[PDB]
Amino acid sequence: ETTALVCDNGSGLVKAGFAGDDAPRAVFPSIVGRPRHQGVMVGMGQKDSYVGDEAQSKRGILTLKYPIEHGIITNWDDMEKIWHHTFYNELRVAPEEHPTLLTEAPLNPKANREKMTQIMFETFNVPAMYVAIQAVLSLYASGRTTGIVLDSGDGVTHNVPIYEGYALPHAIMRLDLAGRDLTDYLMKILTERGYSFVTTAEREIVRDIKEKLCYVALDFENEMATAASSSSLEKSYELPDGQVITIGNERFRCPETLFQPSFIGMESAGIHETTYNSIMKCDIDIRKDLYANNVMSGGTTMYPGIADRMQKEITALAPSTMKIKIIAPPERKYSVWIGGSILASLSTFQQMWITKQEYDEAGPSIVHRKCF
Amino acid sequence: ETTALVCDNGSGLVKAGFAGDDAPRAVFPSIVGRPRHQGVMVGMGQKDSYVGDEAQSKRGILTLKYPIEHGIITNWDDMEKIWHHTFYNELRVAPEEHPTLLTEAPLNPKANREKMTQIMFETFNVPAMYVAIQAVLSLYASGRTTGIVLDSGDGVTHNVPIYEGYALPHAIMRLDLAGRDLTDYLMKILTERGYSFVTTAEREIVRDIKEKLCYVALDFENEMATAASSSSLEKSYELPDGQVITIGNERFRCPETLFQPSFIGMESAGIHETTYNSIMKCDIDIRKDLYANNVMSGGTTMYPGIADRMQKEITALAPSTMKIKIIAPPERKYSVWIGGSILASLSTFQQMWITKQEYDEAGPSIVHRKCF
Amino acid sequence: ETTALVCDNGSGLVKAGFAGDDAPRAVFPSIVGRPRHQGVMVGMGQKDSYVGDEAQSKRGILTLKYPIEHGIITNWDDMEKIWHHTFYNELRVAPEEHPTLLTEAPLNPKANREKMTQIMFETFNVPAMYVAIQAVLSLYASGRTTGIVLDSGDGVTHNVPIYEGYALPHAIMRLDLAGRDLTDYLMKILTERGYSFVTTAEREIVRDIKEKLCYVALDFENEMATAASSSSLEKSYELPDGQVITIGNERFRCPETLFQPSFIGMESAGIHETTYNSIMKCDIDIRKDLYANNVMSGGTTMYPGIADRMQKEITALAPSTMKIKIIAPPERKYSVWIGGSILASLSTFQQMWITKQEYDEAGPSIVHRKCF
Amino acid sequence: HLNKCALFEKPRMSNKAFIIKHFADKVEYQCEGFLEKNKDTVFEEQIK
Amino acid sequence: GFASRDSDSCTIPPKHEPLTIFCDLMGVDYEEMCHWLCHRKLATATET
């Protein structure tokens, strides 16, 4: 039988692989690199642009572009190079042979749906396609039919609550805190300790500090008093050049913006109040089941200590007689890919694909009609 | 002799002036502003927080709060500033000098009147008070004594059926969908055409776009086809930052949802079916006079073309052998205040007031005794 | 009265004088001289090391060190010699007697403030102390309360947005192009006509060639063609040694690296493009007044024709519905010091000082806690 | 001064005047045009 | 009576009679008063 490919346009990483398999085969930064200098060696086999792991490896000589910002593609020809690399080099399979599945942020701009569709049927020549709301796939992935999903990647954060396989469209909060804005804030705050980072190649170095040293406080102000009184909390990291840096009260101040978007000058409240206010838009028959089944989504929910901080801070707002449990599976960084991968492996799902014949008959505009 | 004040606290706007005026002295948005940004200049003569047109003018520094939602006052420390500004700054009148007439939407919480009464007598020291249901004043303004009145503002919309000054309390329908939820829904569609609005300081632009551009569909479902064919359906408008926006299929998809509330996941029907079902709860002797005297009221009814859609869709559900007339005069934003201006000026009305002595004897529950 | 000193550490120049003066008493280079040969005579009354006007005068015998680079103080014993020269030799006033105000580029390393503080309270024994952002002082001087301030010294360049005295910390841009790296570039272009400057002792001549001759093209490639075709633009300058140099298009290439930082191999955008990106990071309702109120500040803004280059090349990035204005006062080389001369004179400011008595209680950690 | 002092008071109906309990009586001053009356700066080159 | 050239600049109209009569009476050059009424001089010890 024909398996689909599943390819998480996401933000910051593209995560991709074959339907029903248990992890993506290809996990790489969604990034396109071009050289900024005048080239001095001659005859090298110099190349127009580098995609994915190459643009990371050569990064000191290149300027790195993301074609995605806020889950919106803003530079189409670079994204086309990412997909082009994905089929032909990275998954190493010809895209006409079997279907391909794509992922999308909810509530987003119209022109993205036409570009996502048209490029797959015409240019990459996929036989059949579908476009899906990311948070729905995170539940289909994770072995639940009822959950509330705080869906939060690089680029974007949003809520859609889902009850017994029904999503609740009226209930949306959308927020732009994400894995990139913790990183840019981490550059702009590490600057307190004298270190400096100004280029696309080294914003991506702070992005690796963020992954290793940072963690989320169960309560901010007592750990803030602790690391203001005792130096015992601080730990150290090796730059690429071999210099060692050391980080103290800072290593929880940048991830704690998830709980205070006032730190980066947003008006709206953090992930805890968007979880609670997203339940508050619901009718009174479901609220208890949504308070119970909290599922995190996107990689920006991965820090150690974040799950118990969510369990505290929703219990501080929710009626204390209700029950809060935080469902934080180890896969959650991949869950949007896993959900589309296993959903696409069901024999019953196979009727749902938009076939090349449907695009050839209707044009791309059926996507606005048939998707969310 | 001392005239009483007429003060339609409403929602979204405060409307105030003296009994016997023909238009209000004061018309401003019912808004309290706080600064969110860091105070950095020193000696600026900063002010902690703002009321009305100041908070509108300086909104880019601020987070904007409305203290009223659904005709309920939900923050009393915010709400007291709006009255304070209304009396002392904007009308330039001491509330201690003369009686006050105040407005409320029907069916709203029992505590709301107790808190208003307590605040007017204790804190503002008004000599006497009365509270009047907004729609009743719309009859006095439209020069009528038999009607069904749809007063449809920001915050709330309601139907009150009246025959020759006798009210029909079993037949009152209230719906909380209103001009503010067209503003928030206009954000939830504008996001399709790529323009962005997520913050309170720019929500007030969305509220101003609605006022200039929008119109009411005679039928949505042919206009839904129309917007695939026509660019004559689009219009353009200049933002404060100088960008030109251009808007198409929105201008019938959001502003029309007062006629189709199914869109946002609620059980209830629109203003047409609540108007007709409010007549179905009315007594059978009177129905020809009610269908003849529908009175439209409040700022959310100000659209060109509202009359013919209301006439159409009540005639489509009512027997066409009955006759439907919609009264939508050019004053219609202010009629709730105009009615309070004549009513409070009648010598026959002067008996009705709750005096401070009656409250100081009975406690705050006395409104439920002496009002409706 | 004990008036405060305003002492603009800047980088490369110190400007110092008493609050309420309209220009500084003292303007001298922040430069430390050590003799590079072995001193040959005996019994001469020799002196170890030289600061400021001495180090300009004797430079053929000397090593020149800047202790201040890119707004970071990098050698505290040298910086302490410059403050020692400033109080005791140049203003000739005892620092234990009067408060002092010091200036800093935004977003700086935290320990820069703390060593500045401890050195002021222990070693100089200053009775009271403060640090204030260089760009914020510029508005007091340019007579406005809403602006974006392009502040660019020898050390560093930055933009600070201010709207009615709330500074907008997420939108503050800082860049390491500045009057020193334009000067070091002026050496690597002077090399084209064969002239050579390789030593610390002659770098200050390139810095003075830069000041008199240079100017900005309104559009680069047509003036680049013009001065490659016609010698009518070329001018001549006498070195100290009596040698004549002559310069053509090269005298407009050194300021152009402010607008095109790829010429020195940087990724980041330089002065018009960062000014626009800083404005876009503020929310929309204030952006028009920022487009009205650009203020030039500091010595790196002195080039002939740069006012017209900003006004022209922002008009290319702003929407055509605008009015775009550059405020370029002739006094501007001193506007950061003039601004501090206003600030330290405001009565409302007098509560703000860190006194030694507060520092003796709290320790050097006080700076961030009470000050700006 | 409004709540911090016993002698300074605000006229109930305005934000453009203030009341000082002077020795002889309370006096209400209107704020309009004090700044223009308060400012003197003579440019020395004009004197010269 | 000054004419605003710009929000940050002004000029006396050409051959303005009140200034002409003032310069004649006080014995001053019309051009000096016309320049100094519309401009001011800043000066540090090294530059102006």
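For this structure, a couple of remarks:
All chains are identified by letter, namely A, B, C, D and E, in their written order; residue positions are counted from 1 within each chain.
FYI, a contact is a pair of C-beta atoms (placed from the backbone, for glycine too) under 8 Å apart; a residue touches a chain by one contact, two chains touch by 3 or more.
Sharing over half of its contact pairs with A-C by residue number, the repeated interface among B-C or A-B is A-B. Counting C-beta pairs in contact, the chain pair with the highest total is B-C.
Mean C-alpha position of chain B lies 41 Å from that of chain D.
Note on chain placement: the centre of chain A and the centre of chain D lie 59 Å apart, centres being C-alpha means.
Chain centres here are Cα averages; for chain B and chain C they lie 56 Å apart. Chain D and chain E have Cα centroids separated by 33 Å. In chain A, the residues that touch at least two other chains are 265.
Residue positions of chain E touching 2 or more other chains: none. Chains touching one another, given as pairs, are A-B, A-C, B-C, B-D, C-E, D-E. By the touch criterion given at the top, residues 72, 107-111, 168-171, 176, 262, 265-268 of chain C touch chain A in their complex. Of all the residues in chain D, the ones that touch chain E in their complex are 43-46. Considering their complex, residues 35, 37-44, 46, 58-61, 199, 201-202, 204-205, 238-244 of chain B touch chain C. Of all residues in chain B, those touching chain A in their complex are 36-37, 63, 188, 191-194, 198-201, 264-266.
Across the complex, chain E meets chain D through its residues 33, 36-37, 40-41.
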